[PDB]
Amino acid sequence: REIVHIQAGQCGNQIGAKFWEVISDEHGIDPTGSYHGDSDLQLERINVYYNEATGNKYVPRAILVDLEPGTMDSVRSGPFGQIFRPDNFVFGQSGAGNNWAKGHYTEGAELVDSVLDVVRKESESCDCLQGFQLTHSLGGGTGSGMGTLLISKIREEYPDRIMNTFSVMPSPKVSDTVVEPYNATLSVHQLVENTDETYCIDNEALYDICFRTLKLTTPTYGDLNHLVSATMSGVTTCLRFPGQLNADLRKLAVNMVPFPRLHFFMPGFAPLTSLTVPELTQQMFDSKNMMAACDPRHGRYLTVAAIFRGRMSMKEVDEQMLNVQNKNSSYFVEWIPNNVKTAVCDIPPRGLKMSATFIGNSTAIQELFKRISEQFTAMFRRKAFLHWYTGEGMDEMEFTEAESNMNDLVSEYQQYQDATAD
Amino acid sequence: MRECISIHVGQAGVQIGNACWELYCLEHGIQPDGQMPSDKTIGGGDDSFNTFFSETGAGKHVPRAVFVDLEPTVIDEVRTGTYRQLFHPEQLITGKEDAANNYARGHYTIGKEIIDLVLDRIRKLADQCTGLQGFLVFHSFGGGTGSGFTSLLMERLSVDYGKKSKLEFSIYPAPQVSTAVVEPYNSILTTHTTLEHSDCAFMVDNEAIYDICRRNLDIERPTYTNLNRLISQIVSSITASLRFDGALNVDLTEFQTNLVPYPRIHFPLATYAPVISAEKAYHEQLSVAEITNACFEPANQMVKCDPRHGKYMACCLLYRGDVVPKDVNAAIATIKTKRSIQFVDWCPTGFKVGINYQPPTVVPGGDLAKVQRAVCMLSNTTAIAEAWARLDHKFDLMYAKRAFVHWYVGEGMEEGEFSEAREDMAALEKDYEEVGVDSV
Amino acid sequence: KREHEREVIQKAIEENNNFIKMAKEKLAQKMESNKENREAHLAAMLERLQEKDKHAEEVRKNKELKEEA
Amino acid sequence: XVXXX
Ligand SMILES: Nc1nc2c(ncn2[C@@H]2O[C@H](COP(=O)(O)OP(=O)(O)OP(=O)(O)O)[C@@H](O)[C@H]2O)c(=O)[nH]1
Ligand SMILES: Nc1nc2c(ncn2[C@@H]2O[C@H](COP(=O)(O)OP(=O)(O)O)[C@@H](O)[C@H]2O)c(=O)[nH]1
Ligand SMILES: [Mg+2]
Ligand SMILES: [Mg+2]
């Protein structure tokens, strides 16, 4: 039933804020927290993301976190800043100079106990808590370092609940920060062990989409985020409206994660203009529309979830989804029959008349981790910048463990990509 | 006397339960508020419809049923639906968190939290019976509740009721409307666990029903409401002998005697006719001879098997409506001539026939034409084993790589329980092969 | 014939009783084996997260030396 | 074979 949301850090609170901006509109929730919608399908499963405060006020079951206050006052001063429960704002001061260690062990640990207090306040209220979803970046320090801390702290208190994450992978094409290949490899080391399902948001992909496809001369962060929000609203449609397929976080994981470690998803969206059903289908399976910088045709799909939103012919969707599987039969592993599922939601997303959201667990995702590992080992073979971490009391072995563990994940993806039937 | 308690487990079980009890009500002239103007026996009765319906002082006719689900959404719609007044609240039992398409959760983690309550409510219904005949259990093969909890309940029912009959209506998974990738797993597990606890199980292949809806009713993309309304007609045919009675009526237990040659060979193939639209049925009336022929057309089968490539071990015909012995006898004579229909050498070749003069009714806004006469054939053919085979192959492909197995182990199951279940299925396919062989 | 007529009906009880017995047992065994297996899986999960909590201290207690020198 | 007093 209920999901508890947690946004952490600069990137985390930005994408987190936009996410609420968007779905609040879909459910007809204004910045004050009142309902002014037409359809009753909107309030059918509103409880999943909203608490019903006194005076029929809908309040995002969300927790905002950071080590600098600079991003969070922008949120509270933002269009929807007042919709949030002001108590759920939990920000430090000492900050984190994009140091993963400060977020995880040092600067984040004094604040971790205060965040967890807020989680318990929201969790105790849940009729039936299904789990948590997190928004954060893996290049920074707070969202990356402290986010992974928070996951671990929450897990040992809610070990039978689902842990979901919208993790933003760093790319040089968006940030000149040099230590990002370190922050990511360190957090990924945590994600493989402590999250049940992880949506990979790749900045290299978000930029390339914006520049190449959207022809944005100079893409802003808000431009990238407009893609992220469209994606997040897409992959959570089944969670938020009365439906059949993947209606909760657990049923999604059961359908999407064949092996506990390989739970890193390649989300896709169409149309990416920012329009027919056969066109939507082909697009959402195309390399260009992938929100992770990976060619799926360089690997095989383990599992796939497709969500078609808007008023369209369900026969057509069925015929087309069978079309793409038949024609691209080679790119779906034989040893998992019927690995592709399809949802259809009547309510189109704001602006569009119909959209298609894609979610794929592909072994082609290994392309994304390899890029980070090349950026990682190039700096680490020389022991560069390690003083920022060891200074915080860390150990150089913990880097190797993080390195080798991340390399194992890639092998595991290649293993099942090369597997055969009989 | 000879009461029958229905148990509807999980979404499929419940929703099919809605269609069935709605239809039953229309067949017996029972209003959605339970009142039945026909029945003059107030507060009690010995009539045929009393095997499925109890009576109250208020003159209210109450289904001898229980709806169980580990999550409230589906049953909630019943509680608030058109036939809300028909039931007593204690008959509608909901959890909070479902089994997440996980057999383990349905049988253990979540199921154990509610099994006692369900049995307590089942028990309370049994106490209303002057002579309980047994239970009918509606469930899906693919769901976590439909598979896991059903097995748990059936095991518990064997203990609490010994060897009173337990019949299944099992929804066999189809890709066109599958909700989980692991439905093959759940299927093999529930089938194995329930096998020695079920006396007779009618498998409903969704792909078959999907096909029939598309072909015979010209439904573009069939919904659950579409499939259920067709399924209900078939269930109604099978239970007609229990709910009505006439001179030509043959009790379902008599059919059961012919259909089950060995305790494990208890999966009859259902084939129903006529499935026809109102447009096609207009000005075109189907004879006893015509519908009888359809029963041997695999397009009308409820499971996708090929009886031609298999051998017959029994043939029952459950007629209802405008059917006379004369026409039936002549109809089967034709088929004895116009088909070949091979039987195993150890079985006789007669067809056990039953007739209920009460004609088929149809639900309003329904897709099916209202016909004067209809028939359901129950056959025990080796071809049904094809259903196990397709499912066992799907199972084999995933377990070979232990795909998804971790979701099951995490809830407490073992790999041994998997290989064990799979071995039983291998034995069952082998059994269904053994019976087909000729004697020496 | 009378002696046999009793042997038969008592054999039917004994077999139907034993079916109830086996079922009751096979169920109780696999329901207990399940409880143990799940509790164990949760125990090992909590174990790993608690050794990360003492590794986290060995980091906070490694820096606490470096600072003071 | 269907056969009623
Ligand atoms: N014919 C028919 N099949 C259904 C219906 N509802 C679900 N199914 C089938 O049931 C299977 C999934 O099992 P469900 O019954 O939905 O799941 P459940 O019993 O509620 O168990 P959990 O939700 O996992 O706890 C799918 O293969 C569906 O095709 C229905 O109303 N009619
Ligand atoms: N898409 C997107 N990425 C961001 C945003 N802000 C930061 N990032 C990415 O996050 C990384 C830096 O982490 P950051 O969030 O600034 O560190 P924090 O202070 O710990 O939250 C860089 O690789 C950026 O590309 C944003 O608003 N949108
Ligand atoms: Mg369900
Ligand atoms: Mg009466």
# chains A, B, ... in the order shown; residues from 1 in each chain; ligands from 1
$ interface_residues --of "chain A" --to "chain B" --cutoff "7 Å" --atoms "only C-alpha atoms" --output "mmCIF file with C-alpha atoms, in the first residue's frame"
data_model
loop_
_atom_site.group_PDB
_atom_site.id
_atom_site.type_symbol
_atom_site.label_atom_id
_atom_site.label_comp_id
_atom_site.auth_asym_id
_atom_site.auth_seq_id
_atom_site.Cartn_x
_atom_site.Cartn_y
_atom_site.Cartn_z
ATOM 1 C CA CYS A 128 0.760 -1.446 5.076
ATOM 2 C CA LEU A 245 0.496 -5.533 -13.695
ATOM 3 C CA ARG A 250 7.422 -6.314 -4.595
ATOM 4 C CA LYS A 251 5.456 -7.721 -7.547
ATOM 5 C CA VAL A 254 9.585 -10.497 -8.594
ATOM 6 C CA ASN A 255 8.920 -9.967 -12.310
ATOM 7 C CA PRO A 258 15.808 -12.966 -11.822
ATOM 8 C CA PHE A 259 18.936 -12.831 -9.671
ATOM 9 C CA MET A 314 -5.311 -2.513 -26.458
ATOM 10 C CA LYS A 315 -5.484 -5.006 -29.316
ATOM 11 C CA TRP A 335 15.587 -19.524 -20.599
ATOM 12 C CA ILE A 336 13.109 -16.970 -19.236
ATOM 13 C CA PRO A 337 9.834 -17.481 -21.159
ATOM 14 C CA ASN A 338 7.309 -14.635 -21.367
ATOM 15 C CA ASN A 339 9.800 -12.204 -19.830
ATOM 16 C CA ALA A 421 18.993 -23.478 -23.443
#
$ residues_near_ligand --ligand "ligand 4" --cutoff "10 Å" --atoms "only C-alpha atoms and all ligand atoms" --output "PyMOL selection string"
chain B and resi 36+38-50+53-56+59-61
$ write_last_selection --atoms "N, CA and C atoms" --output "PDB file, in the first residue's frame"
ATOM      1  N   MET B  36     -36.094 -14.926  -2.584  1.00  0.00           N
ATOM      2  CA  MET B  36     -36.497 -15.837  -3.655  1.00  0.00           C
ATOM      3  C   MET B  36     -38.002 -16.099  -3.581  1.00  0.00           C
ATOM      4  N   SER B  38     -40.022 -17.659  -5.381  1.00  0.00           N
ATOM      5  CA  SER B  38     -40.466 -19.008  -5.722  1.00  0.00           C
ATOM      6  C   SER B  38     -40.533 -19.901  -4.488  1.00  0.00           C
ATOM      7  N   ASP B  39     -39.519 -19.801  -3.638  1.00  0.00           N
ATOM      8  CA  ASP B  39     -39.410 -20.680  -2.484  1.00  0.00           C
ATOM      9  C   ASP B  39     -40.472 -20.357  -1.441  1.00  0.00           C
ATOM     10  N   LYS B  40     -41.344 -21.325  -1.176  1.00  0.00           N
ATOM     11  CA  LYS B  40     -42.386 -21.171  -0.166  1.00  0.00           C
ATOM     12  C   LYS B  40     -41.945 -21.769   1.163  1.00  0.00           C
ATOM     13  N   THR B  41     -40.921 -22.614   1.117  1.00  0.00           N
ATOM     14  CA  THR B  41     -40.311 -23.127   2.332  1.00  0.00           C
ATOM     15  C   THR B  41     -39.513 -22.003   2.981  1.00  0.00           C
ATOM     16  N   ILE B  42     -40.150 -21.265   3.884  1.00  0.00           N
ATOM     17  CA  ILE B  42     -39.498 -20.133   4.530  1.00  0.00           C
ATOM     18  C   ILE B  42     -38.597 -20.611   5.664  1.00  0.00           C
ATOM     19  N   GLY B  43     -37.372 -20.096   5.695  1.00  0.00           N
ATOM     20  CA  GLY B  43     -36.444 -20.380   6.776  1.00  0.00           C
ATOM     21  C   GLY B  43     -35.736 -21.717   6.654  1.00  0.00           C
ATOM     22  N   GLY B  44     -36.236 -22.574   5.770  1.00  0.00           N
ATOM     23  CA  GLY B  44     -35.659 -23.890   5.569  1.00  0.00           C
ATOM     24  C   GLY B  44     -36.028 -24.444   4.207  1.00  0.00           C
ATOM     25  N   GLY B  45     -35.593 -25.666   3.922  1.00  0.00           N
ATOM     26  CA  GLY B  45     -35.906 -26.297   2.654  1.00  0.00           C
ATOM     27  C   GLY B  45     -35.078 -27.537   2.394  1.00  0.00           C
ATOM     28  N   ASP B  46     -35.613 -28.418   1.556  1.00  0.00           N
ATOM     29  CA  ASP B  46     -34.933 -29.647   1.161  1.00  0.00           C
ATOM     30  C   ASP B  46     -34.670 -29.666  -0.344  1.00  0.00           C
ATOM     31  N   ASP B  47     -34.963 -28.552  -1.008  1.00  0.00           N
ATOM     32  CA  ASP B  47     -34.917 -28.483  -2.466  1.00  0.00           C
ATOM     33  C   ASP B  47     -33.504 -28.656  -3.010  1.00  0.00           C
ATOM     34  N   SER B  48     -33.403 -28.798  -4.328  1.00  0.00           N
ATOM     35  CA  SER B  48     -32.123 -29.059  -4.976  1.00  0.00           C
ATOM     36  C   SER B  48     -31.178 -27.868  -4.881  1.00  0.00           C
ATOM     37  N   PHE B  49     -31.731 -26.660  -4.924  1.00  0.00           N
ATOM     38  CA  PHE B  49     -30.911 -25.454  -4.876  1.00  0.00           C
ATOM     39  C   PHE B  49     -30.352 -25.209  -3.476  1.00  0.00           C
ATOM     40  N   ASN B  50     -30.839 -25.957  -2.489  1.00  0.00           N
ATOM     41  CA  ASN B  50     -30.377 -25.777  -1.115  1.00  0.00           C
ATOM     42  C   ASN B  50     -28.997 -26.384  -0.875  1.00  0.00           C
ATOM     43  N   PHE B  53     -27.260 -23.134  -1.553  1.00  0.00           N
ATOM     44  CA  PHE B  53     -27.822 -21.988  -0.836  1.00  0.00           C
ATOM     45  C   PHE B  53     -28.477 -22.376   0.486  1.00  0.00           C
ATOM     46  N   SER B  54     -28.095 -21.691   1.560  1.00  0.00           N
ATOM     47  CA  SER B  54     -28.780 -21.838   2.839  1.00  0.00           C
ATOM     48  C   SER B  54     -29.902 -20.814   2.915  1.00  0.00           C
ATOM     49  N   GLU B  55     -30.794 -20.979   3.888  1.00  0.00           N
ATOM     50  CA  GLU B  55     -31.918 -20.067   4.061  1.00  0.00           C
ATOM     51  C   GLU B  55     -31.947 -19.485   5.464  1.00  0.00           C
ATOM     52  N   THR B  56     -32.492 -18.277   5.577  1.00  0.00           N
ATOM     53  CA  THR B  56     -32.630 -17.613   6.865  1.00  0.00           C
ATOM     54  C   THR B  56     -34.094 -17.297   7.136  1.00  0.00           C
ATOM     55  N   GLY B  59     -36.127 -14.993   4.991  1.00  0.00           N
ATOM     56  CA  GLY B  59     -36.448 -15.482   3.662  1.00  0.00           C
ATOM     57  C   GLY B  59     -35.288 -15.254   2.714  1.00  0.00           C
ATOM     58  N   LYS B  60     -34.107 -15.060   3.292  1.00  0.00           N
ATOM     59  CA  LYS B  60     -32.915 -14.705   2.538  1.00  0.00           C
ATOM     60  C   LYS B  60     -32.105 -15.948   2.185  1.00  0.00           C
ATOM     61  N   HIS B  61     -31.812 -16.111   0.898  1.00  0.00           N
ATOM     62  CA  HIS B  61     -31.069 -17.270   0.410  1.00  0.00           C
ATOM     63  C   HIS B  61     -29.589 -16.935   0.279  1.00  0.00           C
TER      64      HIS B  61
END
$ residues_near_ligand --ligand "ligand 1" --cutoff "9 Å" --atoms "only C-alpha atoms and all ligand atoms" --output "number ranges by chain"
A: 244, 251; B: 9-17, 69-71, 74, 97-103, 105-106, 139-150, 171-180, 183, 204-206, 209-210, 223-228, 231
$ write_last_selection --atoms "C-alpha atoms" --output "PDB file, in the first residue's frame"
ATOM      1  CA  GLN A 244      -3.174  -5.259 -12.765  1.00  0.00           C
ATOM      2  CA  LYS A 251       5.456  -7.721  -7.547  1.00  0.00           C
TER       3      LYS A 251
ATOM      4  CA  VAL B   9      -9.171 -18.226  -3.292  1.00  0.00           C
ATOM      5  CA  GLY B  10      -7.334 -15.223  -4.732  1.00  0.00           C
ATOM      6  CA  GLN B  11      -8.279 -12.707  -7.416  1.00  0.00           C
ATOM      7  CA  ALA B  12      -9.094 -15.225 -10.150  1.00  0.00           C
ATOM      8  CA  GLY B  13     -10.923 -17.416  -7.660  1.00  0.00           C
ATOM      9  CA  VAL B  14     -12.961 -14.518  -6.307  1.00  0.00           C
ATOM     10  CA  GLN B  15     -13.782 -12.832  -9.612  1.00  0.00           C
ATOM     11  CA  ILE B  16     -14.799 -16.145 -11.139  1.00  0.00           C
ATOM     12  CA  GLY B  17     -16.810 -16.633  -7.954  1.00  0.00           C
ATOM     13  CA  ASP B  69      -7.758 -13.173  -0.492  1.00  0.00           C
ATOM     14  CA  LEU B  70      -4.554 -11.913   1.140  1.00  0.00           C
ATOM     15  CA  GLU B  71      -5.265  -8.390  -0.112  1.00  0.00           C
ATOM     16  CA  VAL B  74     -10.780  -7.583  -5.185  1.00  0.00           C
ATOM     17  CA  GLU B  97      -0.592  -7.654   1.864  1.00  0.00           C
ATOM     18  CA  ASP B  98      -0.888 -10.165  -0.983  1.00  0.00           C
ATOM     19  CA  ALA B  99       1.510 -13.009  -1.806  1.00  0.00           C
ATOM     20  CA  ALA B 100       3.251 -10.986  -4.533  1.00  0.00           C
ATOM     21  CA  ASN B 101       2.916 -13.818  -7.082  1.00  0.00           C
ATOM     22  CA  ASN B 102       4.995 -15.899  -4.655  1.00  0.00           C
ATOM     23  CA  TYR B 103       3.867 -19.422  -3.762  1.00  0.00           C
ATOM     24  CA  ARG B 105       4.253 -16.187   0.652  1.00  0.00           C
ATOM     25  CA  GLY B 106       0.839 -17.700  -0.064  1.00  0.00           C
ATOM     26  CA  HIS B 139      -8.181 -20.745  -7.731  1.00  0.00           C
ATOM     27  CA  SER B 140      -5.478 -19.732 -10.191  1.00  0.00           C
ATOM     28  CA  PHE B 141      -2.355 -21.803 -10.814  1.00  0.00           C
ATOM     29  CA  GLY B 142      -0.265 -18.675 -11.332  1.00  0.00           C
ATOM     30  CA  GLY B 143      -1.054 -16.406  -8.397  1.00  0.00           C
ATOM     31  CA  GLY B 144       0.797 -16.524  -5.092  1.00  0.00           C
ATOM     32  CA  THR B 145      -2.475 -16.794  -3.184  1.00  0.00           C
ATOM     33  CA  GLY B 146      -4.172 -18.943  -5.817  1.00  0.00           C
ATOM     34  CA  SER B 147      -1.254 -21.386  -5.695  1.00  0.00           C
ATOM     35  CA  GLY B 148       0.385 -21.147  -2.277  1.00  0.00           C
ATOM     36  CA  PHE B 149      -2.597 -20.540  -0.013  1.00  0.00           C
ATOM     37  CA  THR B 150      -4.797 -22.999  -1.910  1.00  0.00           C
ATOM     38  CA  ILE B 171      -7.100 -21.515 -13.836  1.00  0.00           C
ATOM     39  CA  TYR B 172      -4.178 -22.650 -15.981  1.00  0.00           C
ATOM     40  CA  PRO B 173      -1.870 -19.785 -17.016  1.00  0.00           C
ATOM     41  CA  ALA B 174      -1.869 -18.170 -20.454  1.00  0.00           C
ATOM     42  CA  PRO B 175       0.630 -15.614 -21.807  1.00  0.00           C
ATOM     43  CA  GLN B 176      -2.080 -13.331 -23.242  1.00  0.00           C
ATOM     44  CA  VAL B 177      -3.114 -12.353 -19.696  1.00  0.00           C
ATOM     45  CA  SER B 178      -0.252 -13.625 -17.541  1.00  0.00           C
ATOM     46  CA  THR B 179       0.729 -11.322 -14.656  1.00  0.00           C
ATOM     47  CA  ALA B 180       3.955 -13.023 -13.524  1.00  0.00           C
ATOM     48  CA  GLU B 183       3.679 -18.640 -12.964  1.00  0.00           C
ATOM     49  CA  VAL B 204      -9.355 -23.979 -17.257  1.00  0.00           C
ATOM     50  CA  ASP B 205      -6.725 -22.910 -19.801  1.00  0.00           C
ATOM     51  CA  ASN B 206      -6.983 -19.143 -20.177  1.00  0.00           C
ATOM     52  CA  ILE B 209     -10.932 -19.373 -23.229  1.00  0.00           C
ATOM     53  CA  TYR B 210      -9.166 -16.351 -24.699  1.00  0.00           C
ATOM     54  CA  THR B 223     -11.147  -9.000 -20.518  1.00  0.00           C
ATOM     55  CA  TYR B 224     -11.384 -10.980 -17.276  1.00  0.00           C
ATOM     56  CA  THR B 225     -15.088 -10.159 -17.260  1.00  0.00           C
ATOM     57  CA  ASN B 226     -15.277 -11.781 -20.704  1.00  0.00           C
ATOM     58  CA  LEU B 227     -13.461 -14.984 -19.717  1.00  0.00           C
ATOM     59  CA  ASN B 228     -15.291 -15.274 -16.399  1.00  0.00           C
ATOM     60  CA  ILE B 231     -16.131 -19.923 -17.517  1.00  0.00           C
TER      61      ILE B 231
END
$ atom_distance --atom1 "atom CA of residue 51 of chain C" --atom2 "atom CA of residue 143 of chain A"
22.5 Å
$ residues_around --residues "residue 1 of chain D" --least-positions-apart "4" --cutoff "9 Å" --atoms "only C-alpha atoms" --output "list in words"
residues 325, 328, 329, 332, 350, 351, 352 and 353 of chain B
$ interface_residues --of "chain B" --to "chain C" --cutoff "9 Å" --atoms "only C-alpha atoms" --output "MDAnalysis selection string"
chainID B and resid 107:109 112 152 155:156 158:163 409:414
$ select_by_dssp --residues "segment 110-200 of chain A" --states "strand (DSSP E or B)" --output "PyMOL selection string"
chain A and resi 129-137+162-169+197-200
$ closest_residue --among "A:311, A:136, A:85, A:155" --to "chain C" --atoms "only C-alpha atoms"
A:155
$ atom_distance --atom1 "atom CA of residue 409 of chain A" --atom2 "atom CA of residue 370 of chain A"
10.2 Å
$ closest_atom_pairs --of "chain B" --to "chain D" --cutoff "12 Å" --atoms "only C-alpha atoms" --output "tab-separated table"
residue	atom	partner	partner_atom	distance
B:246	CA	D:4	CA	9.7
B:247	CA	D:4	CA	6.0
B:248	CA	D:4	CA	7.0
B:249	CA	D:4	CA	10.2
B:250	CA	D:2	CA	10.5
B:315	CA	D:1	CA	11.7
B:316	CA	D:1	CA	10.9
B:317	CA	D:2	CA	10.6
B:318	CA	D:2	CA	11.7
B:319	CA	D:2	CA	11.2
B:323	CA	D:2	CA	11.0
B:324	CA	D:2	CA	8.9
B:325	CA	D:2	CA	5.4
B:326	CA	D:2	CA	7.9
B:327	CA	D:2	CA	9.7
B:328	CA	D:2	CA	7.4
B:329	CA	D:1	CA	5.9
B:330	CA	D:1	CA	9.4
B:331	CA	D:1	CA	10.4
B:332	CA	D:1	CA	8.4
B:333	CA	D:1	CA	9.5
B:349	CA	D:1	CA	11.0
B:350	CA	D:1	CA	7.3
B:351	CA	D:1	CA	6.8
B:352	CA	D:1	CA	7.1
B:353	CA	D:2	CA	6.4
B:354	CA	D:2	CA	7.9
B:355	CA	D:2	CA	9.0
$ write_last_selection --atoms "C-alpha atoms" --output "CSV table (one decimal), in the first residue's frame"
chain,number,residue,atom,x,y,z
B,246,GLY,CA,-35.0,-34.4,-12.8
B,247,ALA,CA,-35.6,-38.0,-14.0
B,248,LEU,CA,-32.8,-37.7,-16.6
B,249,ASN,CA,-30.4,-36.0,-14.2
B,250,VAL,CA,-27.2,-37.7,-13.3
B,315,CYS,CA,-16.8,-39.7,-21.9
B,316,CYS,CA,-19.6,-37.8,-20.1
B,317,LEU,CA,-22.2,-35.5,-21.6
B,318,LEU,CA,-23.9,-33.0,-19.3
B,319,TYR,CA,-26.9,-31.8,-21.3
B,323,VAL,CA,-33.0,-32.2,-24.8
B,324,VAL,CA,-34.8,-35.5,-25.1
B,325,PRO,CA,-33.3,-39.0,-24.7
B,326,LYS,CA,-34.3,-40.0,-28.3
B,327,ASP,CA,-32.2,-37.2,-29.9
B,328,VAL,CA,-29.2,-37.7,-27.6
B,329,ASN,CA,-29.0,-41.4,-28.4
B,330,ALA,CA,-29.2,-40.7,-32.2
B,331,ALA,CA,-26.7,-37.9,-31.8
B,332,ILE,CA,-24.0,-40.2,-30.2
B,333,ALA,CA,-24.8,-42.9,-32.7
B,349,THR,CA,-16.7,-47.1,-24.7
B,350,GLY,CA,-20.2,-46.1,-23.5
B,351,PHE,CA,-21.0,-42.4,-22.9
B,352,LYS,CA,-22.5,-41.6,-19.6
B,353,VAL,CA,-25.2,-38.9,-20.2
B,354,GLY,CA,-27.1,-36.6,-17.9
B,355,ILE,CA,-29.9,-34.2,-18.7
